[PDB]
Amino acid sequence: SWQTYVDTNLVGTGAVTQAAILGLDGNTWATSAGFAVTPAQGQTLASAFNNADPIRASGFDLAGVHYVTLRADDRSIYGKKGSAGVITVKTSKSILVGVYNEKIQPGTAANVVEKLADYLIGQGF
């Protein structure tokens, strides 16, 4: 199911320390050990993909960590907190959340998230 993508293709690459797969309702379909995106944080992110405005001035929360919004559009939402950050990408039916920390190059983490997203969109997800 989606848990393979979280364990192998996302956290397994060592490019992200935490990750989850959400449906468009903001609910979790698969999450890494201990990573918990509350449905409310999930729904807040899911809507941001339509109306980013509410997320731009005050950022957004994800599992107890608050991030400032760097860029947000119809496909991806990037945020950060010092040297940590998260790449969130929307596919046709899900939302990929990939968190990284100060030991990971943000560019390396965007490469993995944006491309897995491209791969699932290609499979029709």
# chains A, B, ... in the order shown; residues from 1 in each chain; ligands from 1

$ residues_around --residues "residue A:106" --least-positions-apart "3" --cutoff "12 Å" --atoms "only C-alpha atoms" --output "PDB file with N, CA, C and O atoms, in the first residue's frame"
ATOM      1  N   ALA A  15      16.870  10.703   2.375  1.00  0.00           N
ATOM      2  CA  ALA A  15      16.729  12.071   1.927  1.00  0.00           C
ATOM      3  C   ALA A  15      15.729  12.869   2.751  1.00  0.00           C
ATOM      4  O   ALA A  15      15.764  14.095   2.719  1.00  0.00           O
ATOM      5  N   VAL A  16      14.887  12.182   3.483  1.00  0.00           N
ATOM      6  CA  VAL A  16      13.876  12.792   4.340  1.00  0.00           C
ATOM      7  C   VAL A  16      13.916  12.040   5.665  1.00  0.00           C
ATOM      8  O   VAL A  16      14.148  10.816   5.652  1.00  0.00           O
ATOM      9  N   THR A  17      13.738  12.738   6.793  1.00  0.00           N
ATOM     10  CA  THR A  17      13.806  11.957   8.061  1.00  0.00           C
ATOM     11  C   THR A  17      12.433  11.428   8.446  1.00  0.00           C
ATOM     12  O   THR A  17      12.278  10.333   9.024  1.00  0.00           O
ATOM     13  N   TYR A  78       6.441  24.380  -0.108  1.00  0.00           N
ATOM     14  CA  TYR A  78       7.724  24.329   0.563  1.00  0.00           C
ATOM     15  C   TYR A  78       7.734  25.259   1.767  1.00  0.00           C
ATOM     16  O   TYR A  78       7.274  26.403   1.709  1.00  0.00           O
ATOM     17  N   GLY A  79       8.214  24.794   2.898  1.00  0.00           N
ATOM     18  CA  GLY A  79       8.296  25.588   4.119  1.00  0.00           C
ATOM     19  C   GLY A  79       9.649  25.308   4.789  1.00  0.00           C
ATOM     20  O   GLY A  79      10.402  24.412   4.400  1.00  0.00           O
ATOM     21  N   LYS A  80       9.968  26.067   5.824  1.00  0.00           N
ATOM     22  CA  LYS A  80      11.224  25.814   6.508  1.00  0.00           C
ATOM     23  C   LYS A  80      11.225  26.386   7.910  1.00  0.00           C
ATOM     24  O   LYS A  80      10.382  27.176   8.268  1.00  0.00           O
ATOM     25  N   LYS A  81      12.186  25.923   8.694  1.00  0.00           N
ATOM     26  CA  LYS A  81      12.354  26.363  10.066  1.00  0.00           C
ATOM     27  C   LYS A  81      13.845  26.269  10.377  1.00  0.00           C
ATOM     28  O   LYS A  81      14.302  25.209  10.797  1.00  0.00           O
ATOM     29  N   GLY A  82      14.560  27.361  10.130  1.00  0.00           N
ATOM     30  CA  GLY A  82      16.015  27.354  10.356  1.00  0.00           C
ATOM     31  C   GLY A  82      16.595  26.455   9.258  1.00  0.00           C
ATOM     32  O   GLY A  82      16.347  26.710   8.070  1.00  0.00           O
ATOM     33  N   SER A  83      17.311  25.401   9.633  1.00  0.00           N
ATOM     34  CA  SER A  83      17.879  24.524   8.627  1.00  0.00           C
ATOM     35  C   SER A  83      17.026  23.303   8.355  1.00  0.00           C
ATOM     36  O   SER A  83      17.442  22.453   7.568  1.00  0.00           O
ATOM     37  N   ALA A  84      15.864  23.215   8.991  1.00  0.00           N
ATOM     38  CA  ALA A  84      14.946  22.099   8.766  1.00  0.00           C
ATOM     39  C   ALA A  84      13.898  22.540   7.735  1.00  0.00           C
ATOM     40  O   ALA A  84      13.778  23.720   7.386  1.00  0.00           O
ATOM     41  N   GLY A  85      13.064  21.643   7.225  1.00  0.00           N
ATOM     42  CA  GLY A  85      12.058  22.052   6.246  1.00  0.00           C
ATOM     43  C   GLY A  85      11.180  20.869   5.864  1.00  0.00           C
ATOM     44  O   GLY A  85      11.276  19.771   6.393  1.00  0.00           O
ATOM     45  N   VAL A  86      10.319  21.085   4.893  1.00  0.00           N
ATOM     46  CA  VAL A  86       9.394  20.042   4.423  1.00  0.00           C
ATOM     47  C   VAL A  86       9.027  20.402   2.994  1.00  0.00           C
ATOM     48  O   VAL A  86       9.030  21.571   2.606  1.00  0.00           O
ATOM     49  N   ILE A  87       8.823  19.389   2.185  1.00  0.00           N
ATOM     50  CA  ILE A  87       8.420  19.512   0.796  1.00  0.00           C
ATOM     51  C   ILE A  87       7.100  18.706   0.803  1.00  0.00           C
ATOM     52  O   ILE A  87       7.102  17.584   1.299  1.00  0.00           O
ATOM     53  N   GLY A  98       7.220  15.342   3.016  1.00  0.00           N
ATOM     54  CA  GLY A  98       8.587  14.904   3.267  1.00  0.00           C
ATOM     55  C   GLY A  98       9.313  15.948   4.124  1.00  0.00           C
ATOM     56  O   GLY A  98       9.558  17.073   3.684  1.00  0.00           O
ATOM     57  N   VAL A  99       9.633  15.594   5.365  1.00  0.00           N
ATOM     58  CA  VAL A  99      10.354  16.493   6.264  1.00  0.00           C
ATOM     59  C   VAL A  99      11.834  16.182   6.249  1.00  0.00           C
ATOM     60  O   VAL A  99      12.221  15.012   6.146  1.00  0.00           O
ATOM     61  N   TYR A 100      12.708  17.168   6.332  1.00  0.00           N
ATOM     62  CA  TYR A 100      14.142  16.905   6.362  1.00  0.00           C
ATOM     63  C   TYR A 100      14.689  17.736   7.510  1.00  0.00           C
ATOM     64  O   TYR A 100      13.927  18.526   8.066  1.00  0.00           O
ATOM     65  N   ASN A 101      15.941  17.560   7.860  1.00  0.00           N
ATOM     66  CA  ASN A 101      16.552  18.309   8.953  1.00  0.00           C
ATOM     67  C   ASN A 101      17.864  18.916   8.459  1.00  0.00           C
ATOM     68  O   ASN A 101      18.195  18.819   7.280  1.00  0.00           O
ATOM     69  N   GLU A 102      18.578  19.547   9.364  1.00  0.00           N
ATOM     70  CA  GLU A 102      19.831  20.225   9.117  1.00  0.00           C
ATOM     71  C   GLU A 102      20.971  19.381   8.588  1.00  0.00           C
ATOM     72  O   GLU A 102      22.033  19.926   8.259  1.00  0.00           O
ATOM     73  N   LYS A 103      20.840  18.081   8.465  1.00  0.00           N
ATOM     74  CA  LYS A 103      21.878  17.206   7.938  1.00  0.00           C
ATOM     75  C   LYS A 103      21.588  16.841   6.478  1.00  0.00           C
ATOM     76  O   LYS A 103      22.342  16.123   5.808  1.00  0.00           O
ATOM     77  N   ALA A 109      16.385  16.617  -0.966  1.00  0.00           N
ATOM     78  CA  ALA A 109      15.075  16.191  -0.473  1.00  0.00           C
ATOM     79  C   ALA A 109      13.992  16.586  -1.475  1.00  0.00           C
ATOM     80  O   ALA A 109      13.045  15.826  -1.690  1.00  0.00           O
ATOM     81  N   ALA A 110      14.104  17.745  -2.146  1.00  0.00           N
ATOM     82  CA  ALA A 110      13.099  18.143  -3.127  1.00  0.00           C
ATOM     83  C   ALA A 110      13.175  17.196  -4.317  1.00  0.00           C
ATOM     84  O   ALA A 110      12.171  16.818  -4.895  1.00  0.00           O
ATOM     85  N   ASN A 111      14.392  16.799  -4.685  1.00  0.00           N
ATOM     86  CA  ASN A 111      14.586  15.863  -5.793  1.00  0.00           C
ATOM     87  C   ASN A 111      13.775  14.589  -5.553  1.00  0.00           C
ATOM     88  O   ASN A 111      13.054  14.164  -6.447  1.00  0.00           O
ATOM     89  N   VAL A 112      13.883  13.976  -4.398  1.00  0.00           N
ATOM     90  CA  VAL A 112      13.171  12.745  -4.078  1.00  0.00           C
ATOM     91  C   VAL A 112      11.675  12.985  -4.001  1.00  0.00           C
ATOM     92  O   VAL A 112      10.944  12.202  -4.635  1.00  0.00           O
ATOM     93  N   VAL A 113      11.195  13.978  -3.246  1.00  0.00           N
ATOM     94  CA  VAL A 113       9.742  14.180  -3.150  1.00  0.00           C
ATOM     95  C   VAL A 113       9.082  14.510  -4.474  1.00  0.00           C
ATOM     96  O   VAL A 113       8.163  13.795  -4.884  1.00  0.00           O
ATOM     97  N   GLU A 114       9.516  15.550  -5.172  1.00  0.00           N
ATOM     98  CA  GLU A 114       8.963  15.951  -6.455  1.00  0.00           C
ATOM     99  C   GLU A 114       8.991  14.857  -7.507  1.00  0.00           C
ATOM    100  O   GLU A 114       8.145  14.786  -8.409  1.00  0.00           O
TER     101      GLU A 114
END

$ select_by_dssp --residues "chain A" --states "strand (DSSP E or B)" --output "VMD selection string"
chain A and resid 18 to 23 28 to 31 60 to 62 65 to 72 76 to 81 84 to 90 94 to 100

$ write_last_selection --atoms "N, CA and C atoms" --output "tab-separated table (two decimals), in the first residue's frame"
chain	number	residue	atom	x	y	z
A	18	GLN	N	11.39	12.20	8.06
A	18	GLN	CA	10.02	11.81	8.32
A	18	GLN	C	9.18	12.01	7.06
A	19	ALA	N	8.06	11.32	6.96
A	19	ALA	CA	7.19	11.43	5.80
A	19	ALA	C	5.84	10.76	6.03
A	20	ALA	N	4.87	11.16	5.21
A	20	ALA	CA	3.53	10.60	5.27
A	20	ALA	C	2.89	10.72	3.89
A	21	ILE	N	1.77	10.04	3.74
A	21	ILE	CA	1.02	10.10	2.48
A	21	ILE	C	-0.39	10.51	2.92
A	22	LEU	N	-0.91	11.60	2.38
A	22	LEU	CA	-2.26	11.99	2.81
A	22	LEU	C	-3.21	11.93	1.62
A	23	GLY	N	-4.48	11.80	1.96
A	23	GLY	CA	-5.49	11.81	0.86
A	23	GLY	C	-5.87	13.29	0.80
A	28	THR	N	-4.26	10.75	6.94
A	28	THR	CA	-3.11	9.92	6.70
A	28	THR	C	-3.37	8.51	6.20
A	29	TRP	N	-2.73	8.18	5.09
A	29	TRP	CA	-2.80	6.89	4.45
A	29	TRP	C	-1.56	6.07	4.81
A	30	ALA	N	-0.50	6.71	5.28
A	30	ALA	CA	0.73	6.01	5.64
A	30	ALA	C	1.71	6.98	6.28
A	31	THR	N	2.26	6.68	7.45
A	31	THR	CA	3.19	7.63	8.06
A	31	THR	C	4.43	6.94	8.62
A	60	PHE	N	2.57	27.29	8.59
A	60	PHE	CA	1.74	26.17	8.94
A	60	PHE	C	2.48	25.16	9.81
A	61	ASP	N	1.69	24.49	10.62
A	61	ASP	CA	2.10	23.47	11.54
A	61	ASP	C	2.02	22.07	10.95
A	62	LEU	N	2.99	21.26	11.32
A	62	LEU	CA	2.99	19.86	10.83
A	62	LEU	C	3.63	19.01	11.93
A	65	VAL	N	5.69	20.90	14.62
A	65	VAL	CA	6.77	21.79	14.20
A	65	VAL	C	6.10	22.82	13.28
A	66	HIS	N	6.38	24.08	13.51
A	66	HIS	CA	5.83	25.16	12.70
A	66	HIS	C	6.84	25.60	11.64
A	67	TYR	N	6.40	25.68	10.40
A	67	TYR	CA	7.20	26.07	9.28
A	67	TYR	C	6.74	27.36	8.63
A	68	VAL	N	7.67	28.15	8.09
A	68	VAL	CA	7.26	29.38	7.40
A	68	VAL	C	7.12	28.99	5.92
A	69	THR	N	6.08	29.48	5.25
A	69	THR	CA	5.89	29.12	3.85
A	69	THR	C	6.86	29.77	2.89
A	70	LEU	N	7.70	29.02	2.19
A	70	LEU	CA	8.61	29.65	1.23
A	70	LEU	C	7.92	29.82	-0.11
A	71	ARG	N	7.31	28.76	-0.63
A	71	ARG	CA	6.60	28.88	-1.88
A	71	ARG	C	5.41	27.92	-1.79
A	72	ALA	N	4.34	28.32	-2.46
A	72	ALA	CA	3.13	27.52	-2.47
A	72	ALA	C	2.42	27.81	-3.79
A	76	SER	N	3.20	22.16	-5.45
A	76	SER	CA	4.01	21.99	-4.26
A	76	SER	C	4.00	23.14	-3.29
A	77	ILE	N	4.22	22.79	-2.03
A	77	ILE	CA	4.29	23.72	-0.92
A	77	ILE	C	5.56	23.41	-0.13
A	78	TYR	N	6.44	24.38	-0.11
A	78	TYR	CA	7.72	24.33	0.56
A	78	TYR	C	7.73	25.26	1.77
A	79	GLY	N	8.21	24.79	2.90
A	79	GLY	CA	8.30	25.59	4.12
A	79	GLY	C	9.65	25.31	4.79
A	80	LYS	N	9.97	26.07	5.82
A	80	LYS	CA	11.22	25.81	6.51
A	80	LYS	C	11.22	26.39	7.91
A	81	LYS	N	12.19	25.92	8.69
A	81	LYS	CA	12.35	26.36	10.07
A	81	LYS	C	13.85	26.27	10.38
A	84	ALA	N	15.86	23.22	8.99
A	84	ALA	CA	14.95	22.10	8.77
A	84	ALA	C	13.90	22.54	7.74
A	85	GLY	N	13.06	21.64	7.22
A	85	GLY	CA	12.06	22.05	6.25
A	85	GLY	C	11.18	20.87	5.86
A	86	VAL	N	10.32	21.08	4.89
A	86	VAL	CA	9.39	20.04	4.42
A	86	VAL	C	9.03	20.40	2.99
A	87	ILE	N	8.82	19.39	2.18
A	87	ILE	CA	8.42	19.51	0.80
A	87	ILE	C	7.10	18.71	0.80
A	88	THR	N	6.04	19.32	0.37
A	88	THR	CA	4.70	18.74	0.29
A	88	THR	C	4.31	18.85	-1.19
A	89	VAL	N	3.98	17.76	-1.84
A	89	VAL	CA	3.62	17.77	-3.25
A	89	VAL	C	2.28	17.04	-3.43
A	90	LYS	N	1.38	17.62	-4.22
A	90	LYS	CA	0.09	17.02	-4.48
A	90	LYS	C	0.08	16.25	-5.79
A	94	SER	N	-3.37	12.08	-3.91
A	94	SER	CA	-2.75	12.17	-2.59
A	94	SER	C	-1.88	13.41	-2.44
A	95	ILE	N	-1.30	13.52	-1.27
A	95	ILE	CA	-0.39	14.59	-0.88
A	95	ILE	C	0.83	13.96	-0.18
A	96	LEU	N	2.02	14.18	-0.73
A	96	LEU	CA	3.24	13.64	-0.15
A	96	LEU	C	3.92	14.70	0.74
A	97	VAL	N	4.14	14.34	2.00
A	97	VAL	CA	4.79	15.22	2.98
A	97	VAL	C	6.16	14.61	3.28
A	98	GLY	N	7.22	15.34	3.02
A	98	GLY	CA	8.59	14.90	3.27
A	98	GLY	C	9.31	15.95	4.12
A	99	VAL	N	9.63	15.59	5.37
A	99	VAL	CA	10.35	16.49	6.26
A	99	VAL	C	11.83	16.18	6.25
A	100	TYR	N	12.71	17.17	6.33
A	100	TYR	CA	14.14	16.90	6.36
A	100	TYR	C	14.69	17.74	7.51

$ atom_distance --atom1 "atom CA of residue A:115" --atom2 "atom CA of residue A:54"
27.0 Å

$ closest_residue --among "A:26, A:122, A:39, A:14" --to "residue A:105" --atoms "only C-alpha atoms"
A:14

$ atom_distance --atom1 "atom CA of residue A:47" --atom2 "atom CA of residue A:63"
17.1 Å

$ closest_residue --among "A:104, A:91, A:51, A:7" --to "residue A:121" --atoms "only C-alpha atoms"
A:91

$ residues_around --residues "residue A:25" --least-positions-apart "4" --cutoff "8 Å" --atoms "only C-alpha atoms" --output "short mmCIF file (atom, residue, chain, number, x, y, z; two decimals) with N, CA, C and O atoms, in the first residue's frame"
data_model
loop_
_atom_site.label_atom_id
_atom_site.label_comp_id
_atom_site.auth_asym_id
_atom_site.auth_seq_id
_atom_site.Cartn_x
_atom_site.Cartn_y
_atom_site.Cartn_z
N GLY A 42 -3.48 18.34 8.44
CA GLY A 42 -3.55 17.75 7.10
C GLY A 42 -4.56 18.47 6.22
O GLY A 42 -4.27 18.79 5.07
N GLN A 43 -5.76 18.72 6.78
CA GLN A 43 -6.79 19.43 6.03
C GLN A 43 -6.30 20.85 5.75
O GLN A 43 -6.55 21.36 4.66
N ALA A 46 -4.04 20.58 2.71
CA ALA A 46 -4.81 20.19 1.54
C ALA A 46 -5.54 21.37 0.93
O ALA A 46 -5.63 21.44 -0.29
#

$ atom_distance --atom1 "atom CA of residue A:27" --atom2 "atom CA of residue A:64"
16.2 Å

$ select_by_dssp --residues "stretch 16-98 of chain A" --states "helix (DSSP H, G or I)" --output "list in words"
residues 39, 40, 41, 42, 43, 44, 45, 46, 47, 48, 53, 54, 55 and 56 of chain A

$ write_last_selection --atoms "N, CA, C and O atoms" --output "mmCIF file, in the first residue's frame"
data_model
loop_
_atom_site.group_PDB
_atom_site.id
_atom_site.type_symbol
_atom_site.label_atom_id
_atom_site.label_comp_id
_atom_site.auth_asym_id
_atom_site.auth_seq_id
_atom_site.Cartn_x
_atom_site.Cartn_y
_atom_site.Cartn_z
ATOM 1 N N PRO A 39 -5.284 15.319 11.525
ATOM 2 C CA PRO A 39 -6.197 15.578 10.434
ATOM 3 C C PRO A 39 -6.373 17.073 10.216
ATOM 4 O O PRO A 39 -6.501 17.527 9.082
ATOM 5 N N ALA A 40 -6.398 17.872 11.269
ATOM 6 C CA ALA A 40 -6.600 19.313 11.097
ATOM 7 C C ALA A 40 -5.411 19.916 10.378
ATOM 8 O O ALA A 40 -5.633 20.708 9.441
ATOM 9 N N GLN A 41 -4.186 19.521 10.733
ATOM 10 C CA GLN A 41 -2.995 20.053 10.048
ATOM 11 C C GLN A 41 -2.998 19.580 8.600
ATOM 12 O O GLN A 41 -2.599 20.287 7.684
ATOM 13 N N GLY A 42 -3.483 18.339 8.437
ATOM 14 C CA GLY A 42 -3.553 17.747 7.095
ATOM 15 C C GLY A 42 -4.564 18.471 6.222
ATOM 16 O O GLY A 42 -4.266 18.794 5.068
ATOM 17 N N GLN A 43 -5.761 18.720 6.775
ATOM 18 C CA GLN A 43 -6.792 19.431 6.027
ATOM 19 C C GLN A 43 -6.303 20.845 5.751
ATOM 20 O O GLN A 43 -6.555 21.363 4.665
ATOM 21 N N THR A 44 -5.599 21.499 6.666
ATOM 22 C CA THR A 44 -5.091 22.854 6.437
ATOM 23 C C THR A 44 -4.132 22.927 5.263
ATOM 24 O O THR A 44 -4.056 23.913 4.531
ATOM 25 N N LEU A 45 -3.344 21.888 5.071
ATOM 26 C CA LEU A 45 -2.363 21.780 3.999
ATOM 27 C C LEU A 45 -3.071 21.498 2.676
ATOM 28 O O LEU A 45 -2.761 22.118 1.647
ATOM 29 N N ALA A 46 -4.036 20.581 2.712
ATOM 30 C CA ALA A 46 -4.812 20.188 1.544
ATOM 31 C C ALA A 46 -5.535 21.367 0.931
ATOM 32 O O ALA A 46 -5.632 21.442 -0.295
ATOM 33 N N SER A 47 -6.075 22.259 1.751
ATOM 34 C CA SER A 47 -6.775 23.438 1.257
ATOM 35 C C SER A 47 -5.787 24.477 0.753
ATOM 36 O O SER A 47 -6.006 25.202 -0.198
ATOM 37 N N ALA A 48 -4.635 24.556 1.400
ATOM 38 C CA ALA A 48 -3.603 25.500 0.978
ATOM 39 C C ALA A 48 -3.296 25.252 -0.492
ATOM 40 O O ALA A 48 -2.917 26.168 -1.221
ATOM 41 N N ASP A 53 -3.307 31.503 0.587
ATOM 42 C CA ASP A 53 -3.366 32.722 1.365
ATOM 43 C C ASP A 53 -3.318 32.581 2.863
ATOM 44 O O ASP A 53 -2.496 33.232 3.520
ATOM 45 N N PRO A 54 -4.186 31.762 3.422
ATOM 46 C CA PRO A 54 -4.176 31.565 4.859
ATOM 47 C C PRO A 54 -2.853 30.994 5.352
ATOM 48 O O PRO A 54 -2.584 31.119 6.550
ATOM 49 N N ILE A 55 -1.998 30.423 4.499
ATOM 50 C CA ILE A 55 -0.735 29.857 4.979
ATOM 51 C C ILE A 55 0.474 30.738 4.826
ATOM 52 O O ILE A 55 1.476 30.615 5.556
ATOM 53 N N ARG A 56 0.444 31.687 3.909
ATOM 54 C CA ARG A 56 1.501 32.611 3.600
ATOM 55 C C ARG A 56 2.028 33.547 4.660
ATOM 56 O O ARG A 56 3.267 33.693 4.763
#
